[PDB]
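All remarks here apply to the structure that follows.
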Ligand SMILES: *[C@@H]1O[C@H](CO)[C@@H](O[C@H]2O[C@H](CO)[C@@H](O[C@H]3O[C@H](CO)[C@@H](O)[C@H](O)[C@@H]3O)[C@H](O)[C@H]2NC(C)=O)[C@H](O)[C@H]1NC(C)=O
Ligand SMILES: N[C@@H](CC(=O)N1CCCN(C(=O)c2ccc(C(=O)O)cc2)CC1)Cc1cc(F)c(F)cc1F
Ligand SMILES: N[C@@H](CC(=O)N1CCCN(C(=O)c2ccc(C(=O)O)cc2)CC1)Cc1cc(F)c(F)cc1F
Ligand SMILES: *[C@@H]1O[C@H](CO)[C@@H](O[C@@H]2O[C@H](CO)[C@@H](O)[C@H](O)[C@H]2NC(C)=O)[C@H](O)[C@H]1NC(C)=O
Ligand SMILES: *[C@@H]1O[C@H](CO)[C@@H](O[C@@H]2O[C@H](CO)[C@@H](O)[C@H](O)[C@H]2NC(C)=O)[C@H](O)[C@H]1NC(C)=O
Ligand SMILES: *[C@@H]1O[C@H](CO)[C@@H](O[C@@H]2O[C@H](CO)[C@@H](O)[C@H](O)[C@H]2NC(C)=O)[C@H](O)[C@H]1NC(C)=O
Ligand SMILES: *[C@@H]1O[C@H](CO)[C@@H](O[C@@H]2O[C@H](CO)[C@@H](O)[C@H](O)[C@H]2NC(C)=O)[C@H](O)[C@H]1NC(C)=O
Ligand SMILES: *[C@@H]1O[C@H](CO)[C@@H](O[C@@H]2O[C@H](CO)[C@@H](O)[C@H](O)[C@H]2NC(C)=O)[C@H](O)[C@H]1NC(C)=O
Ligand SMILES: *[C@@H]1O[C@H](CO)[C@@H](O)[C@H](O)[C@H]1NC(C)=O
Ligand SMILES: *[C@@H]1O[C@H](CO)[C@@H](O)[C@H](O)[C@H]1NC(C)=O
Ligand SMILES: *[C@@H]1O[C@H](CO)[C@@H](O)[C@H](O)[C@H]1NC(C)=O
Ligand SMILES: *[C@@H]1O[C@H](CO)[C@@H](O)[C@H](O)[C@H]1NC(C)=O
Ligand SMILES: *[C@@H]1O[C@H](CO)[C@@H](O)[C@H](O)[C@H]1NC(C)=O
Ligand SMILES: *[C@@H]1O[C@H](CO)[C@@H](O)[C@H](O)[C@H]1NC(C)=O
Ligand SMILES: *[C@@H]1O[C@H](CO)[C@@H](O)[C@H](O)[C@H]1NC(C)=O
Ligand SMILES: *[C@@H]1O[C@H](CO)[C@@H](O)[C@H](O)[C@H]1NC(C)=O
Ligand SMILES: *[C@@H]1O[C@H](CO)[C@@H](O)[C@H](O)[C@H]1NC(C)=O
Ligand SMILES: *[C@@H]1O[C@H](CO)[C@@H](O)[C@H](O)[C@H]1NC(C)=O
């Protein structure tokens, strides 16, 4: 009677979630990439028109992986020869297609191996980075104007982030910000001169006779960090002079006193930019508000205008200080910060007033500010039903904070408890995306009265297909520990019978501000383990987890590898005492940070776990990068936090691995959690004579995501788990 | 009833073979390092005396790992701070102890980080290499004299070998040869300026925050090779202000025409040195015989004096041209070369006569020339009983080749069929070392009438211990394939009963000139697998194997990865048809070349094998070094043998691994077979969706020999084999 969701179904994507990715081009229309052609849609009525034919670029000779239309609709940037670099960065070739002449531009082309390109927010100016230097094109076909000359590979970065800034602060390769109407181009510059290099072998295709050594400026905990400078250049002055002057905006004095980071840049108006800076000891940040001085040509940041944001119990922000959302005239802004109770809420600032006023409050948190009009501020929070793993869209009246309306809570409470949103240019319309607990649902709405214009995609096709397979169910609930409630989730085998005893697999991440217990609908490895192997796959959000206030989130401050580890063990103890858990068959696994916690758990000697798998785990904090590591652990020095850095390694627990079955997996070209980390774990296990299972993945990185490797690792891990569980 | 030989027994060395390592110091006495003190023994009678007390160096503050006594007995070189490099190279600190003053010398000490040191063959002169340059000390306490100034790390090597010459041609780090009485010091210079570098991470102790990248000049097949020059300096013409002049000896001409190697250097007299050169296409070599010209100060090598040694069916030599053994007057010499039938035998040469005369012949081979006197030539061969895996010592009368005497054959035919030998300085005495098939046995003899003076060590203590454990037995026999007989051996479980069906593990190496079927007694992993797990562990010597003639050895010429692989599959088929082998439980495993063969067999789709383990395998010949690879494969160019280089990779067979259980093991710091080789196998397997087991060993090299990793690898492999064999 009906098959189950099998490993091959997971690895071959037989059941696919349908999406609806649109791109707003104005306050009334959006583009909808339709594999073959790209159409333009009128939000009001739903009618469309082809914007670009699928055959428009047939005899290009190059497969196009993406495009970007200029804001004024006159040009289309064609991206090809895509070559991935880190999590966000990549290089590529670009051609520009004129839409009014319907001709590809052939003169003054963007160079090959370009690192980043972006249209101005209005019109059709272009700014790109090539060979670590910035270039600006006023017209697509005319010569570029070079803005920087200091660009040097692995050394000086203009307009793009170095490794640690890409991964840990901006979550982007780009380090340039056009002003609202395109007049000014602002950019950061990184000096990695004294940053040490992580080096590792890349084997490449079998044809390469000698392996290549990859080398990357990467600051490990406590090592020399990149330094940064910020500049603003007036692009409108490029005809008139040669070598346009880049005006530098420097430090707030309270930052210059030592190592610091640029963590946020947000343009407020055509002549006002705000910058947030953060000290290397990440519990103090400052926001500067800088105005262009028309008769000086400078950018001045009034000291009375600065805003300090700090924390006494931890670091600043969830992963960094939040971004401001300025009003029209840029004289005020809203920002999510931790209130006096440790809960992140929106507060209202006046640019020259030291104190801000909170406009939301309660024992829940605002996830993010989504849109701001003269009338309302739109935001997502987990307020509904008191569930930290749910997400809904709310709107608060700016003239009366008493008028808070939830726009998504009630649309379909049964199927939808987790939403994200995309507003049109002036917030006239918005697309709501529901991701769980039922199948994804995309709808379009008009902001006037919040009416739901129509259903964009409801995955009805996947729904028909799934009723023919025994799919698992998912319970989201909580347990109480020392008067505090902690949430957990369980992917339950089909026809779950609490009368029976099921083997259990603890799927963990548990890094700071993480959340593994939510209402999102997923089709992943756990779906298969529960559906086909009848294994319960649980996750627990303990101390250190996010979106529930700083009391819980900062509990691991300066103490990584302690409570978040203990709380996972306790959770497994609690689960086992629920009655439907086979005590003798409890396992644990995790990937990055989750691999670390898994290994720490397995070496705890708790006796609770029979076996476990760690994929690309951190093994000692001194091996990971400075920005992420120090944010939670401070510095690795006698003076500050070296004792705990040395007390929380996986290596020191090697001996206890004699009690469990361990599978250690790592990609050899992991630029993020270096193969080094697992190479040291394996060496310590060998040194104490502990037998374990291993698998390296040649040339895979932190995601072990190439098509073949992804299939191979989940296959190898499925065999290990069924063996450990005495089942097929 | 009695325990078996277990895994722990093997890993903890509970049963230890006893040895008798002596060091001849003259034609009448030898030193015997006793793990406390070192004594000196009189060969004739067997009486001894302490030569150095065990407490002579207590408050040194340094553990001494070795020492060397000057040929004149006046000094003792003390080696400490030993830091291993490759298979033979290493660096160390040295101090010289004066024996007549019983004082450690404190001035003009040998530098720290010294790379090589060697007393002159007579007296007490010293030649050492520090920072890649040669230095000479006429007296232990006086300043040294710099001989070379060109030494540069990874770059110019004077008196020491670079990576590939250390591993593949000289099997040593030393590249200097003192003349007989210490007058001249000959040396080579290895120029690696265009040799590419192999680079790999080294993680070190957990304290190291960032991994270090090790880089070694290493020519992979077909890459730019190091170049070499040969010099001779007169150590007697010393100077406080003078660079001694190094006289260079250049190439034959037939060598200078292309890439070549210096493969052998043997001093013939006080003023005659012979040198053998090999072309990069290793099927042609030339011996030069050079004499010092007293009135020129030069070394001339008369063209009419050179000897050419070549092969039409393969390369020259077993792994390289054999070395010559010169007569007293250096006007004639004996050398093992392949005769017209393909069998290696001793040939007698006159330095200015082109043709040589064979003094031994037959379908067996001379393994090596061990000693030469005016009277006789002593050698080891596998002639006895026609068994190629047996070794015995013979002597042939130089005046009458009809007088050939076997000196070891009959001593104890039951216990001893494999010997090595160590003669005193003038060959007045010799120590025979029997290594199987029974327990090792060391005896001492006098060359006069070949009397066996006495038993030095007979392992009677291990014998008593072993009778209390169920030890496996060993069968050495053969099978015939196409009219040719090929040898094999089986380590048989205790109480072997050919009525039962046993799982079988094929233990393979099979590289060119290899021999895995012999009469040597061993206590290893196979002993445990047979004794405790009841697994038959077999080995087979097929095409390409050595010591049986060029017809069999050269069969794989330019064809590595073909017949030696097929022959292992065929042997496994034959074994299964013997009746006592369980067909459903046949596995195979090997290390290095054996790992390559194991992987090729497992990827053949023959269906014969259920599972296998490859340790540090070669996976594609373009990844291994030039000297070894090109010896059997020629060059990887379309004009030469590129097609076969590309057809013999393990990766091309990825798909067929779907049928077997495979365990792939490699050390991450392997400087010999780079981790790269296994990294490419694992990647080809992943690309075709084949599951397999793997294990990398952090910071281990080709030997995966550190105490903890050795134990770990064998424990992991044992679990894998038992799982595969229920
Ligand atoms: C080890 O081997 C290296 C490579 O063969 C040697 O090197 C190099 O040195 C020679 C010096 O003559 C250079 O010769 C060229 O330059 C001169 C003048 O410009 C010309 O007259 C001549 O015709 C050549 O064009 C080589 O360019 C140079 N090759 C390199 C750098 O690889 C090296 O000297 C040798 N080491 C020792 C100690 O001998
Ligand atoms: N380097 C780390 C980066 C990181 O934690 N984040 C950035 C990328 C992915 N994440 C996000 O983008 C994201 C998460 C949360 C928020 C928010 O609530 O404000 C916003 C963005 C989660 C944080 C992840 C990481 C941690 C490890 F401990 C590790 F060993 C490897 C890693 F890749
Ligand atoms: N590099 C190779 C060196 C090698 O084959 N020899 C040198 C060291 C050990 N051997 C010997 O010393 C030796 C072997 C034979 C003889 C003789 O009969 O003349 C003399 C010495 C065997 C040859 C071994 C090797 C081969 C591989 F294919 C590989 F993947 C790794 C290796 F280390
Ligand atoms: C969607 O439909 C509207 C309504 O018909 C289109 O707007 C009309 O465009 C035509 C031009 O062909 C004019 O004659 C009308 O006066 C327009 N009426 C308006 C402004 O409502 C609109 O172009 C369509 N949009 C898309 C993207 O197809
Ligand atoms: C103005 O443009 C110039 C010329 O294109 C830039 O000057 C060069 O900059 C590099 C440093 O990256 C120097 O090595 C050259 O010597 C400079 N030559 C000059 C002065 O033309 C210059 O960087 C730009 N202006 C400023 C202040 O950066
Ligand atoms: C884009 O913004 C810039 C900067 O505010 C505008 O340029 C200024 O225009 C005002 C006129 O209203 C002048 O007083 C200033 O001298 C200009 N500043 C300069 C020269 O940078 C520009 O008008 C805006 N673009 C558009 C089309 O609105
Ligand atoms: C920001 O973090 C640093 C480090 O935790 C705090 O300064 C340290 O405070 C502790 C007290 O718990 C002392 O032991 C150290 O000597 C201090 N080190 C210094 C002054 O560098 C600092 O106070 C924190 N700031 C806030 C707002 O709490
Ligand atoms: C030494 O080996 C080389 C390479 O095999 C021999 O030269 C090649 O001989 C083959 C014939 O089988 C030809 O196809 C090639 O064109 C030859 N290449 C050359 C001339 O370099 C060479 O003859 C061998 N020497 C001996 C003694 O047999
Ligand atoms: C291109 O567009 C046409 C017109 O609607 C459509 O029928 C066709 O399927 C598209 N081709 C591709 C490659 O999807
Ligand atoms: C980029 O490289 C291509 C070769 O693929 C070459 O034809 C072209 O001229 C280069 N320049 C640009 C901007 O495409
Ligand atoms: C980068 O910093 C280095 C090292 O501290 C200094 O030499 C250099 O001037 C800086 N580079 C630039 C262009 O600012
Ligand atoms: C509750 O407090 C006890 C007592 O210190 C401790 O053992 C336990 O780990 C705590 N649990 C939580 C959720 O903090
Ligand atoms: C050598 O020194 C060791 C060290 O304890 C001692 O046991 C042994 O008896 C000594 N042997 C002689 C012959 O002095
Ligand atoms: C060894 O013993 C013999 C026989 O008595 C004796 O003549 C000889 O001198 C001894 N060795 C030495 C060098 O004293
Ligand atoms: C190295 O050896 C030299 C030469 O004898 C000596 O003076 C020096 O102290 C040694 N170095 C160390 C660090 O022991
Ligand atoms: C000996 O010759 C070398 C090679 O030119 C030279 O560098 C060195 O200085 C000479 N010896 C001395 C001490 O001058
Ligand atoms: C060593 O040989 C040289 C050169 O043949 C000779 O001049 C010298 O006398 C010999 N040394 C001795 C001690 O016989
Ligand atoms: C024996 O003959 C067959 C057929 O010619 C061949 O395939 C096999 O490889 C041969 N074996 C040997 C040792 O030559």
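For neighbour counting, all protein chains shown are included, and Cβ atoms are generated from backbone atoms with ideal geometry for every residue, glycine included. Laboratory data are not the source of any read-out in this text; all were calculated from the coordinates shown.
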Ranked B:110, B:569, criterion: other C-beta atoms within 10 Å, fewest first:
B:569, B:110
Using Cα centres only, tell me the gap between the range B:160-182 and the range A:285-332 in whole Å.
70
Going by Cα centres, the range B:77-136 and the range B:518-596 are how many Å apart?
44
Assuming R0 = 60 Å, can you tell me the calculated FRET efficiency for the pair residue A:82 and residue B:109, based on Cβ-Cβ distance, to the nearest 0.05?
0.45
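Cα convex hull of the range B:214-308: how many Å³ per residue?
Numbers: hull volume 14.3 nm³, N = 95.
Hull volume normalised by residue count: 151 Å³.
Rounded to the nearest 0.05, what FRET efficiency do residue B:240 and residue B:27 give with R0 = 35 Å and r taken as the Cβ-Cβ distance? Could you check? The partial results should precede the final answer.
Working: r = 38 Å, r/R0 = 1.08.
FRET efficiency, residue B:240 to residue B:27: 0.40.
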Based only on other Cβ atoms within 10 Å, what is the fewest-to-most ordering of B:63, A:237, A:435?
B:63, A:237, A:435
Extending each Cα 7 Å along its Cβ direction at residue A:172 and residue B:462, get the distance between those two points in nm, one decimal.
7.2
Could you work out how far helix B:563-576 tilts from the main Cα principal axis of chain B, as a 0 to 90 degree angle to the nearest 10?
50
Any chance you could check the Cα centroid distance between the range B:599-674 and the range A:217-231 for me, in angstrom?
44
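Report the FRET efficiency, 1/(1 + (r/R0)^6), for residue A:659 and residue A:479, where r is their Cβ-Cβ distance and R0 is 22 Å, rounded to 0.05. Intermediate values should be presented prior to the final figure.
Numbers: r = 26 Å, r/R0 = 1.17.
That gives a FRET efficiency of 0.30.
Can you give the Rg to Rh ratio of the range A:409-467, both from alpha-carbon atoms, with Rh computed by the Kirkwood formula?
Reported Rg/Rh, Kirkwood definition of Rh: 1.01.
Mind ordering B:707-716, A:719-728, A:474-483 by average Cβ neighbours within 10 Å, highest first?
Working: B:707-716: 17.9, A:719-728: 15.9, A:474-483: 12.9.
Packing proxy ranking, top to bottom: B:707-716, A:719-728, A:474-483.
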One computes Rg over Rh for the range B:533-661 from alpha-carbon atoms, with the Kirkwood Rh, and obtains 0.98
Kirkwood Rh in Å, taken over all unlike Cα pairs in the range A:627-728:
15.7
Simple label model, 7 Å out from Cα along Cβ direction - residue A:37 to residue A:19, nm:
2.3
One checks the Cα atoms of the protein assembly as shown and finds Rg and Dmax, in Å, of 38.6, 122
Compactness ratio of the range B:242-285: Cα Rg over 2.2 N^0.38 Å, N = residue count?
1.38
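If neighbour count is taken as other Cβ atoms inside 10 Å, put B:407, B:275 in order from fewest to most. Mind dumping the intermediate values first?
On the way: B:407 20, B:275 24.
So the ranking, lowest neighbour count to highest, is B:407, B:275.
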Peptide B:674-687: average number of partner chain Cβ atoms within 10 Å per residue?
6
Could you give the spread of the C-alpha atoms of the range B:364-412 along their three principal axes, from largest to smallest, in whole angstroms?
30, 19, 17
With N set to the number of residues, divide the alpha-carbon radius of gyration of the range B:234-363 by 2.2 N^0.38 Å and report two decimals.
1.17
What Rg and what Dmax come out for the range B:285-350 when only alpha-carbon atoms are used, in angstroms?
14.0, 46
Relative contact order of the range B:511-629, defined on C-alpha pairs under 8 angstrom at six or more residues apart (%):
19
Here the alpha-carbon Rg of the range B:381-490 over 2.2 N^0.38 Å rounds to 1.26
Compute the angle between helix A:675-687 and the longest alpha-carbon principal axis of chain A, please, reported from 0 to 90 degrees and rounded to the nearest 10.
20
Acute angle (nearest 10 degrees) that the helix A:707-724 long axis makes with the longest principal axis of chain A, alpha-carbon atoms
20
How large is Rg over Rh for chain B, taking Rg from the Cα atoms and Rh as the Kirkwood inverse mean of 1/r across Cα pairs?
0.95
What share of all Cα pairs of the range B:297-424, in percent, falls into each consecutive 5 Å distance bin?
2, 10, 19, 22, 19, 13, 8, 4, 2, 1, 0, 0
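Just want to confirm a number: the relative contact order over chain A, from Cα pairs under 8 angstrom separated by 6+ residues, in percent. List each step's numbers first, then the result.
Working: 1675 pairs, mean separation 63.3, N = 728.
About 9 percent, as a whole number.
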